[PDB]
Amino acid sequence: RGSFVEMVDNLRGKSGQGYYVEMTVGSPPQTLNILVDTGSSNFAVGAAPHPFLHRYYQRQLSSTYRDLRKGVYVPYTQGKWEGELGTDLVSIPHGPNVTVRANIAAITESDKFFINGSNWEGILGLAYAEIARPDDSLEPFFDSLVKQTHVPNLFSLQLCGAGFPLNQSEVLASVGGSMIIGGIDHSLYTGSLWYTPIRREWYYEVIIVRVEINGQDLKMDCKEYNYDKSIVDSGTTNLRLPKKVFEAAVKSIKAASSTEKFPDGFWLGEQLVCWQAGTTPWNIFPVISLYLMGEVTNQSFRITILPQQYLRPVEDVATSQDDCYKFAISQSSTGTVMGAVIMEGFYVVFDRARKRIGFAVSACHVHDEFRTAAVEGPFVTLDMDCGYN
Ligand SMILES: NC1=N[C@@]2(c3cc(NC(=O)c4ccc(F)cn4)ccc3F)COC[C@H]2CS1
């Protein structure tokens, strides 16, 4: 049974541009679309005109706006945002039937933050206060929600990739998935949920203990997989891997798929590759298994993704009926990032109450009739020291 009908199908978007949920801020309520971001911890919204924003938070029109008289500056690798801190009443229309007073960073300047055509106007950082900006005294949204209401301290995400390109109209009209606030909806997954511990409450940090490509062990010291951390991050597109793991994985994926040769720019995630309509050779590309530490001592389980997850559908650079994709695995210098293309394979339970992350096969993962994504266990013979310090 699906017990959270009110919140099922409340997301829209896609791996290229992000998955978002509708929220309201202020009194009377101002509706905004907000990126669901498990890899940061600020609730930050556009609050001044911008060429890529169709709307924005207007603090002067909110009777419940409270000015904290404090700026926040947030540079990150790909860009930056800065703005002004305050609080206001916030609700999620397709969410729990509650309204909370939460911190809001009113974005006044940004660089490469907003995405033309994404249809979102702010971000909902769902990770922990430790990585909030300017510091850990700025209570994140979810903490406020839990403190102020009877909502259980847990949320779950089903991100649904289409498996093909969606034009602007289609992505607006399409259901992109679900964020279930306070619970687990059984209709969103098949098979069993398997849980891995949250190593530390800052990012949603986990520990990978083994990596296989088509069943072949990458055979790296498991610390390499978590150097310098491994996180589950809905606010990143790709599966990102530490440099040395990336190099070893790409070598192995190339070897598995070697019946076709792809240019270097494809493997660099820059260049698309295309096949005649319907003829994408899924079967030449390997499955990828990530083994995660179990809750039981000396046990692990694995999550297995298909090329239908790690090849991201993109429309052709020229007009055609070809099926085209970009390689959605890329190198990282800040650890492993299980981004949206990985999350598209799975229903993911962020069980904050029990300090654990659950994975099950998603009811909306893209596959073919020969192979599916999998979550399987337990495995009891693995060497598990895998965390980086
Ligand atoms: N997890 C991260 N969150 C941050 C962030 C994320 C994004 N996300 C996206 O555009 C995006 C697009 C496609 C996707 F499938 C997912 N996300 C945009 C701005 C931005 F600042 C906020 O804190 C650090 C920064 C960099 S890593």
Side-chain angles (χ1 to χ4, degrees), residues 11-21 32-47 50 52-53 72-83 103-136 138 140-142 157-163 165-166 171 174 176-177 179 202-205 229-240 269 309-314 326 328-330 332-346 348 350 362 366:
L11 304 182
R12 287 190 292 162
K14 62 195 191 171
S15 64
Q17 295 185 321
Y19 288 91
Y20 59 89
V21 67
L32 295 171
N33 284 327
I34 302 295
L35 179 78
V36 171
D37 183 9
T38 66
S40 68
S41 303
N42 285 76
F43 177 37
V45 299
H50 185 277
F52 300 165
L53 289 175
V72 57
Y73 174 66
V74 181
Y76 54 96
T77 300
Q78 347 280 314
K80 59 180 159 189
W81 67 266
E82 61 192 276
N103 295 309
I104 300 174
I107 300 167
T108 49
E109 315 280 7
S110 61
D111 183 56
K112 298 173 286 207
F113 180 84
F114 299 114
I115 295 173
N116 192 27
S118 70
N119 203 43
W120 52 262
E121 294 98 39
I123 71 171
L124 182 64
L126 288 168
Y128 299 96
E130 185 179 324
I131 60 168
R133 299 296 193 77
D135 55 73
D136 69 358
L138 195 78
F141 175 80
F142 203 87
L157 292 172
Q158 185 203 49
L159 306 186
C160 299
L166 297 168
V171 73
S174 180
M179 173 173 62
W202 57 325
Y203 299 92
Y204 290 101
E205 184 183 3
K229 60 183 181 289
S230 295
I231 70 167
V232 183
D233 187 3
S234 63
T236 285
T237 294
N238 284 356
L239 168 62
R240 305 185 67 237
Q309 282 73 60
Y310 65 78
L311 304 183
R312 181 167 71 79
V314 298
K326 287 192 184 168
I329 307 181
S330 66
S332 177
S333 63
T334 52
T336 294
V337 184
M338 301 174 38
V341 299
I342 299 320
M343 296 186 65
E344 282 176 358
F346 307 100
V348 184
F350 295 79
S362 177
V366 178

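Just so you know, residue 1 is the first one in the sequence shown, and it goes up from there. Whatever order the structure lists them in is the order used to number ligands and atoms, beginning at 1.
For the 3.5 Å distance criterion, the side chains of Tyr19 and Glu344 qualify, holding a donor opposite an acceptor. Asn119 and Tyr20 form a side-chain donor-acceptor contact under 3.5 Å, judged by distance and modelled atom types alone.
Evaluated for a ring pair (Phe, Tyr, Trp, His ring centres under 6.0 Å) with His50, the options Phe114, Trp81, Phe113 yield exactly one hit, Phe114. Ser330 pairs in a side chain to side chain donor-acceptor pair (under 3.5 Å) with only one of the listed residues (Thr237, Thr236, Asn238), which is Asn238.
Using a 30° and 60° split on the angle between ring planes, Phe350 and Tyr204 fall in the perpendicular class, above 60°.
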Practice problem: Evaluate side chain to side chain donor-acceptor pair (under 3.5 Å) for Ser234 paired with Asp37, printing each intermediate quantity in order. | Solution: CA-CA 5 Å; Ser234 63; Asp37 183 9; 4.7 Å; no
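Within 4.0 Å of ligand 1, protein heavy atoms come from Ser15, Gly16, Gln17, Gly18, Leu35, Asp37, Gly39, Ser40, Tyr76, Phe113, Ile115, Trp120, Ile123, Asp233, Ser234, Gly235, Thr236, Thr237, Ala340.
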